Amino acid sequence: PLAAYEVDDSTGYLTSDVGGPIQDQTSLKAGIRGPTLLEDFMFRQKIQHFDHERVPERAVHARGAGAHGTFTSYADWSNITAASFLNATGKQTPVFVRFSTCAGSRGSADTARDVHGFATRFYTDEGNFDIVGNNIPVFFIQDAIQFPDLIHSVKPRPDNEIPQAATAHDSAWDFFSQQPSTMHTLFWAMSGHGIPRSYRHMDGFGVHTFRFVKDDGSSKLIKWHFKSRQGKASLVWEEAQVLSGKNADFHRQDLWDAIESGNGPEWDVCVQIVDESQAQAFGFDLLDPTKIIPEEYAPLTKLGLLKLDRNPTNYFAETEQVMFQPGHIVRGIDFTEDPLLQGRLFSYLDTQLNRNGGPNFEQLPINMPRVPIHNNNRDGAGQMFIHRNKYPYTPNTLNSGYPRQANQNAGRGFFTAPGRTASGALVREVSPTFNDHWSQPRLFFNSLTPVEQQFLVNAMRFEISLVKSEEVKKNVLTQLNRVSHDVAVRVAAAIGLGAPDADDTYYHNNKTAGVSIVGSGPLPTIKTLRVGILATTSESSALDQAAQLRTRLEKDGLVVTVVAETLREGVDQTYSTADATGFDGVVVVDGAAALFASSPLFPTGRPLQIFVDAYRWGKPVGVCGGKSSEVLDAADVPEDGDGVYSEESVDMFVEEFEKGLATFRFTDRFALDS
Amino acid sequence: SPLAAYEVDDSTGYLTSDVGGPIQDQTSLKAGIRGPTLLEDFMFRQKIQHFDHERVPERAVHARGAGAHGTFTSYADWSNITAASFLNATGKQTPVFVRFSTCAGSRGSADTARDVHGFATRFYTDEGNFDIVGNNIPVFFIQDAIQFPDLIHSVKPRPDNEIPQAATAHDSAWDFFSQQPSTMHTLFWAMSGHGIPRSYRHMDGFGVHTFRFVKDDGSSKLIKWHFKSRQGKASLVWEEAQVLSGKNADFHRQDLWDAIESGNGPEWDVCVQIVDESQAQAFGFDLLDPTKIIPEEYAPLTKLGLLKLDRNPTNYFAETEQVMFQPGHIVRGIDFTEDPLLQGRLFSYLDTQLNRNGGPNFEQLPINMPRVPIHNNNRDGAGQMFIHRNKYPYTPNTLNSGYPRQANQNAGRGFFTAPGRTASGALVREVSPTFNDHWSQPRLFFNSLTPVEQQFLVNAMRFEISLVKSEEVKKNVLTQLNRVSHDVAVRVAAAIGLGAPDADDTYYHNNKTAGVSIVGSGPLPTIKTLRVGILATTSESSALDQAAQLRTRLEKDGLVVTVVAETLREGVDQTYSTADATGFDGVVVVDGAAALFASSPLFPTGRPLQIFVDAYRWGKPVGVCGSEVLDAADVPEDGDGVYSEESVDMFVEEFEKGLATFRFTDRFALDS
Amino acid sequence: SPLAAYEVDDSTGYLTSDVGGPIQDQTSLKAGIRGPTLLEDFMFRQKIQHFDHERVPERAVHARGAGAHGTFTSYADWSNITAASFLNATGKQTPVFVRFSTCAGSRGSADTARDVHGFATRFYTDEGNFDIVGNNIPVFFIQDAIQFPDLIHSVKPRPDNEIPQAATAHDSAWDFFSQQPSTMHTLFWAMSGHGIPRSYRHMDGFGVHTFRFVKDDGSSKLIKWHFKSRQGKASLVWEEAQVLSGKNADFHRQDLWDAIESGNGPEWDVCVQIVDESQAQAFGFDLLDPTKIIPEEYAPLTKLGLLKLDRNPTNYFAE
Ligand code: HEM
Ligand code: HEM
Ligand code: HEM
Ligand SMILES: [Ca+2]
Ligand SMILES: [Ca+2]
Ligand SMILES: [Ca+2]
Ligand SMILES: [Ca+2]
Ligand SMILES: [Ca+2]
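Here is what the cut-offs are and how they apply
- Residues numbered from 1 in each chain as written, not as in the entry; some residues may be left out.
- Chains lettered and ligands numbered in written order.
- Part of a larger assembly, values for the part shown.
- Heavy atoms only, no water.
- Near = heavy atom within 4 Å.
- Polar contact = N/O pair within 3.5 Å; in protein donor to acceptor, adjacent residues only side chain to side chain.
- Helix = DSSP H or I, 4+ residues; strand = E, 2+ residues; numbered from the N terminus.
- Nonpolar A, V, L, I, M, F, W, Y, C, P; charged D, E, K, R; others polar.
- Donors = N, O, S within 2.8 Å, 3.2 Å for Na, K, Ca; no water.
- Salt bridge = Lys/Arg side-chain N within 4 Å of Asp/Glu carboxyl O.
- Buried < 20%, exposed > 50% of the residue type's maximum accessible area, 1.4 Å probe, protein only.
- Domains from an automatic or database assignment.
- Buried area = accessible area lost by both parts, 1.4 Å probe.
- Contact = heavy atoms within 4.5 Å.
- 1 Å grid on protein atoms, 1.4 Å probe; cavity = no way out; pocket = protein on both sides within 12 Å on 5 of 7 lines; lining within 4 Å.
- Points joined across faces, edges and corners; volume = space filled by probe spheres on them.
- Core = buried A, V, L, I, M, F, W, Y, C linked by side-chain atoms within 4.5 Å.
- Pairing = 2+ DSSP bridges.
- Sits in = over half its atoms within 2 Å of the grid points.

The record names X-ray crystallography as the way this model was obtained, at a resolution of 1.90 Å.

### Remarks on the site of ligand 3
Contacts to ligand 3 come from 17 residues, most closely from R59(C), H62(C), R99(C), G134(C) and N135(C). In this structure, ligand 3 sits where chains B and C come together, each supplying nearby residues. In this structure, an oxygen atom belonging to ligand 3 sits 2.9 Å away from a side-chain N or O atom of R59(C). Separating an oxygen atom of ligand 3 from a side-chain N or O atom of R99(C) is a distance of 2.7 Å. Looking at the shell around ligand 3, the elements that each hand over two or more residues are strand 4 (117-125) and strand 5 (128-135) of chain C. Its residues assigned to classes, the shell around ligand 3 shows 9 nonpolar, 5 polar and 3 charged.

### Describing the coordination of the iron atom of ligand 2
Within the protein, a single donor atom binds the iron atom of ligand 2, namely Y349(B) (OH) at 1.9 Å. Summarising the element assignment, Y349(B) is placed in helix 8 (residues 340-357).

### Details of the pattern of salt bridges
Opposite charge on two side chains permits them to pair, given that their charged atoms come into close proximity. Residue and element names in this part refer to chain B. The tally for this structure, following the rule as stated, stands at 111 salt bridges over all chains. Residue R64 is joined to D111 by a salt bridge in which the shortest nitrogen-to-oxygen separation is 2.9 Å. With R64 in the loop between helix 1 (42-52) and strand 2 (65-74) and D111 in the loop between strand 3 (93-102) and strand 4 (117-125), the pair connects residues that are 47 residues apart, well separated along the chain. In this structure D111 comes out as buried when scored by relative accessible area, which is 0%. Linking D580 and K247 is a salt bridge whose minimum nitrogen-to-oxygen distance equals 3.8 Å. Of this pair, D580 sits in the loop between strand 16 (574-575) and strand 17 (586-590) while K247 sits in helix 5 (residues 238-247), and the two are 333 residues apart along the sequence. The residues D580 and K247 share a single accessibility class, namely buried.

### With respect to the domain arrangement of chain B
Residues and elements named next belong to chain B. When its domains are assigned, chain B resolves into domain 1 (1-427), domain 2 (428-526) and domain 3 (527-672). Look at where the C-alpha atoms of domain 1 and domain 3 centre, and you get two points 39 Å apart. Each partner contributes to the roughly 1,200 Å² buried at the junction of domain 1 and domain 3, and carbon and sulfur atoms together form 52% of this total. For domain 1, the biggest contributors to the area lost against domain 3 are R198, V237 and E240; these three give 39% of the whole. Inspection of the region where domain 1 meets domain 3 yields 5 salt bridges. Across the pair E240 and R663 runs a salt bridge whose closest N-O atoms are separated by 3.7 Å. At the boundary of domain 1 with domain 3, the tally comes to 6 residue pairs in polar contact. Among the elements of the structure, helix 5 and helix 6 (251-261) are those that each provide at least two residues to the side of domain 1 that touches domain 3. No other element matches the 5 residues that helix 5 contributes to the side of domain 1 that touches domain 3. Residue classes in the side of domain 1 that touches domain 3 are distributed as 7 nonpolar, 2 polar and 5 charged.

### Details of the interface of chain B and chain A
Counting residues at the interface gives 105 residues for chain B, matched by 105 residues for chain A. Buried area between chain B and chain A, both sides added, is near 9,700 Å², and the carbon and sulfur share of it is 57%. Linking chain B to chain A there are 6 salt bridges. The salt bridge partner of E6(A) is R389(B), with a shortest N-O separation of 3.1 Å. Run the count over chain B and chain A and you get 51 residue pairs in polar contact. Those elements giving two or more residues to the side of chain B that touches chain A turn out to be strand 1 (7-8), helix 1, strand 5 (128-135), helix 7 (316-321), helix 8 and strand 12 (387-388) of chain B. Top element by residues in the side of chain B that touches chain A is helix 8 of chain B. It accounts for 8 residues.

### Topic: empty space enclosed by the protein
Residue and element names in this part refer to chain B. Empty space within the largest cavity amounts to approximately 840 Å³. Around the largest cavity sit 47 residues that line it, and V61, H62, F148, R345 and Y349 are the ones nearest its centre. The biggest single contributor to the lining of the largest cavity is helix 8, with 8 residues. Looking at the lining of the largest cavity residue by residue, the classes come out as 27 nonpolar, 12 polar and 8 charged.

### Details of the nonpolar core
All names here are of chain B. In terms of nonpolar packing, the biggest core is built from 57 residues, with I534, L550 and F612 touching the most fellow members. Looking at this core element by element, the count peaks at 6 residues for helix 16 (residues 648-661). Shared between two domains, this core holds at least three residues of each, these being domain 1 (1-427) and domain 3 (527-672). Judged by nonpolar contacts, the second largest core, of 55 residues, contains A173, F188, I293 and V488.

### Notes on the sheet that holds strand 14 (residues 531-535) of chain B
Residues and elements named next belong to chain B. Taking strand neighbours across the sheet as the criterion, the 6 strands line up as 16-15-14-17-18-19 in an open arrangement whose pairing is parallel. At either end of the open sheet lies a strand with only one pairing partner, and these are strand 16 and strand 19 (642-645). Strand direction decides the pairing type here: strand 14 and strand 15 (residues 560-565), joined by 5 bridges, are parallel. Within strand 15, the position partnered with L535 by the bridge is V564.

### Details of the site of ligand 2
Taken together, 25 residues sit near ligand 2, with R59(B), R99(B), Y349(B), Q353(B) and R356(B) positioned nearest. Flanking ligand 2 are residues from chains B and C. In this structure, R59(B) approaches ligand 2 through a side-chain N or O atom, which is 2.7 Å from an oxygen atom. Note that an oxygen atom of ligand 2 is positioned 2.8 Å from one of the side-chain N or O atoms of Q353(B). Judged by the proximity of its atoms to the pocket grid, ligand 2 belongs to the largest cavity. By residue number, the principal contributor to the shell around ligand 2 is helix 8 of chain B, which donates 7 residues. Split by residue class, the shell around ligand 2 holds 12 nonpolar, 8 polar and 5 charged.

Next comes the structure, spelled out in structure tokens:
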């Protein structure tokens, strides 16, 4: 894919960057115990490179991971868009996708509670087209000019730089409560969408309304929705926290492993399509990025399949250096007057100068298009091209008038949708059509299941309880109360304040499909899900049981880890390094029961803690072999429990257990406010 | 070649963004036909962002220069003196890039400033890129690299007002020279015709430092690099260089470009003086001292190979502006010496490329890439153009099977420091007493110039020092010049109204050395590329006929001929309005044009005659073919370099000898 | 000096590093008196690293230029036409900094090239820095900013060999001018004596664009800036300019510096033509078009105040 740029070092002698064979292990010194010499160019070339390895992290979405893939169109979409990549059934275009958290620095944990990025580049035969989206369909703010306010508030306090990758501090909730537009995204982030099970188990959204533009000039309004084929799934908060410490790399490792095992994740790339006349028809403004179109109003149209199936060769060169822009647009697509989108168009082109340190960032391999470039851009630091045209100006006769101007009528040029207009005063004023900040947050809340609603309440209780300012806490209750009195009461109970009186201006009872995680039913596939088998080296029959279970589980593409006191043939991991956050279900072989009812080889009570944690976090758990009561009694897990299994037959154990893995979470183990 | 892969062809096709999307770039997107420009106009912003960022920092020195590609060819297998692969077989060819430059001026300053000149050569060898980063003068101003910023601050413009451009003719430069007497040897070279070469092709190149050749058995010898020009040695005269700086600031880069384009690519014999390590101090000075030459009488030149430049760049910025030379670009078979000027340069070039490139990946630019595989564990950095497959970039490793392997004297043709080298003594910030003679060699150089050349050097000093405002700096200058030569100090002092100090003969002597004089180097060995202006008129068909006939004859001998008249037409290249004597190496007036030399709205009053008179005054061969003309000009018919013939063929014969003589120095007055 | 707080005096004292450690900087630390230089010599490396990084990118245009400090003094309270604080009272003074330049040439190219010239003025007002980034010619070559790189690529040296420096006298420039006829007006100016001014002090400054003056009540008028020289208008002749480019590349910067040092700091009346919003298309051309002047017979100049340059910089690079 980027084969032309690969460098192989599987053989050969060390050389400088200019091909001179050298060594790099000992400095040149004036005598054997002498000082190092300035003339040692071997030393200086190697250390200079090392000294300059780092580049600025992205201003947001610093922490993330990418993979290569293919997009395949399901149809000829010419009848709605001139976009070349969508112009034929089965047409394939290479892609690169990067997923990320949003607030944390490089090296912060994947399983922070946060908005997540989902950025996709299509290397089309008419230019690179990027859709730079999030896993949440609405954004916090209604005007790009407010982005630094939002980001400053969410990022660590700037005196001490605390806390990392978290909204759980005063400044964030101060902003949220003073800028009520934030409520909708806030509710999404406080739901299980803020803590996805993996990048493969979340959807991607363009957020903004864009336009599809036909060759004839007619346009329609669209929203992009990348719908996961793996299904939707979340962690529970108290698992996400432990996982942040046990495996900061959880999401990037999950993605990397799925691709390597031939389970590359897939999404249906979809749009909602509506007429230009419907911009204000749905009870809100399609220019407002804090609003969704309910699927009951406009159904999803599937355009094609996105599949990620190839990991990068060098993370820095590919994932770190990929530079996405919403301004990377192609003929057939256009912008709308969404004031958040409008300002983004400026930001991405500008910020890449910061990251790259020079203007030629489009020439980096990962950023290059797959079709020829013909323009009069020249020079600049890091210029890799050697341009033959010595008359790089338009209009010219001395290069026969090339390159020629491309537009609607010639050379397949980009063109602005010709029906677009502007009218009015030049103003710094918010449209009153943007003013309802609360009805959609309530629509979202109403659409979650009872346990889902409790989890959202509990996320808010956790975070707001860490806000020191009594005034900020009260202000937060004021805003929450406008979305839902019941939310405000339940949150207030945790923080020892009174909720204010119900204000029903924005309350309503409407619901919408497709936003609940709990309500989206069992997972459509269990391939890649992780089963930890707790066993012991003290009983050769426990290992026999573990081996039989492994064979039967791996047959169905589950990723199996056998855990014992020490490593040996057939054991993957020791108890010392094992944790419940490492598994989607946990099985104990009854031969190992004694470990459950002290060792220098693992912390006290570790084998039982793995089982108890997994149970408490809602995972399918069980004992295989017939003798289950010693384990279940020690764990205080009821044998009759939903998602608790006990069979002597390995085949029968696995059949039941696999149903539990697809259910994924057993939500009856979590208490509800009365 | 790494460059061929990166050549971009825009001779056909529709305009695209840098990511391949077809676009237009002539009108901004606006809210209505007389409305404001939109922020969502990504076509506008990408184009202007690229323009806004086109410039990069100029080089800290040698900012003004020009480059060309070529080939080096070895004359022999030199394994007997060096392990260097590019020198290891008769006829072995290695691609090269050379950049020539002035030294002090900023990137838009005139080629014909009086200055030291750079001559940097990259050999893209089969064992790595090897650069010889040299000058047209064999000695440098200072004896320790730590003093480089002091020298450069003093010669560059005064930092309150940034005046004067590309010139040593100001107080700070002469204050430095007079306070740091190591400067005298290079100063005398810069004040000679070597400060104002006729072209880059008519100057030599010198590595300056003593280096080592190291054999595969580990033994070493000391060497000096000398690239000897096959075009011969030639200078401008100062008044000419001044006028040229205004009429054609691009004179040397144009000269090089045109010679290459016409198939007259310039050539040098790449030579060394080679001496034994036991002779470091045998010649009366220290070979570690970069202010000293080895006289050719003590060590003759051995010709190693031919350097030829024969192809111009495709894109100046990408190739010439972006080429980043380093004396650290060394290959097996060459090593450094303890010259404290060389020692510190090694640090500077690697560091300064960070400034110019803005990132650590500058060796990845096509002009800087080697022509052999790169195997190492350097990673990441801004502008990383590679995708490295080896995911265990550390040594020692087993996870990549211990690759890359270390290279050294024994294995993998590794670079190695000459194993005979040692150090002994205290760790000191002390100058060796062996460096202390700052005046004998400048006198050696002075003695070796011809009388008129000596006068030109005195006159360059009279010009510059007369422009120094401080009487105390001027006295201090006289003190140092007097230690080189009492007579020089006397003659300079005369022009500035001061008395010279009394003779101080400690460093005086009468020795001479071969190969340093320009005037004394005899006629040019070729006159190909030399420029002849034929002054004619459109008023007389005879004039145009004489010019045409003279042209075809001179052009066959590879002369570049320009016919000048009042207006352009068939046969006429240039108008009198744009013509100047600095545009020519010889000037011919055709008989039919006699009347112009005696007003017109088409050119300044007296222009035709001034071209002929300036050419004469500046020592160039001049002639009339077909005199009223020689009399109008005050040119003596019997003068050497003055030609008068009816016969086109006899005229051409005589005039072509005059072009080879090049300058007629009997036209310049000498001191009494 | 307006920038006194940032000045560094080195008229006394011992050499130090940038972190205040007294050091030397004349000889490298070596292993023996004829030995190699040591990596541990931090005195050498800090000095040379600084030198190695002294240069920055020259301006994309107007690279060759010179500057001075001065004062602007308002002739009146201009509230009647503008809310601008620096213009709100008779005799109110505001410090300025002005940079003059040629347009096409790189750093080091000659002052006396034939060219458009830059005339950029900063007013450090009590309500913020206000810049008028002007030229010595009142109209520009092109009618849309998107065409600027085309214009500049064509006039700057040919990109294969970088020839010629600081000159429109080559094919690519005249190709552009002939294919892009909006260029004609500025081209005629550049080909007149305005292309070779006798000095920065003998040329005028123009904002080129129509701007708006806005009152505190929100009403607005259309304006053009014209800085009228109090030294008079003067040009070189072309042959003279060519010779000067060789004999004194620094001619205009020296002339400015010298005039200021001798107490002859140059002056301009800062003026505007002021017309109503309704006259945008009334004069036979569009006031949005930067290739057009408003003839003075249609709209006379109003003098707003005096601009005087009277102090040279202390450090050219820094200022
Ligand atoms: C709809 C709301 C938004 C979404 C879905 C969004 C999405 C993203 C994503 C996914 C990335 C990381 C791309 C990657 O993986 O490299 C990103 C980076 C960035 N975003 Fe946006 N963003 C939004 C709003 C904004 C706004 C309003 C601004 C500023 C006006 C902005 C400025 C940036 C900057 C400076 C970066 C770093 C870009 C880079 O270094 O390449 N974002 N955003
Ligand atoms: C023997 C005396 C020296 C000679 C013959 C010499 C030669 C040169 C030449 C020919 C160039 C321009 C290369 C090109 O065309 O791109 C150059 C650039 C440079 N030189 Fe040296 N030089 C010498 C001494 C030094 C010293 C002592 C230092 C610093 C300690 C130094 C620092 C530099 C720097 C910073 C540049 C610009 C390099 C770049 O930007 O690529 N020079 N010198
Ligand atoms: C009315 C037409 C224009 C006039 C009178 C004008 C005037 C100037 C002046 C006087 C300077 C130098 C300021 C200084 O001394 O530092 C300048 C610099 C510059 N100009 Fe403009 N200009 C005009 C049009 C444009 C256009 C259309 C563009 C690009 C769209 C542009 C881009 C620049 C850039 C990139 C610089 C270098 C600025 C810097 O580095 O600070 N100019 N121009
Ligand atoms: Ca805080
Ligand atoms: Ca930088
Ligand atoms: Ca001075
Ligand atoms: Ca001479
Ligand atoms: Ca041209």
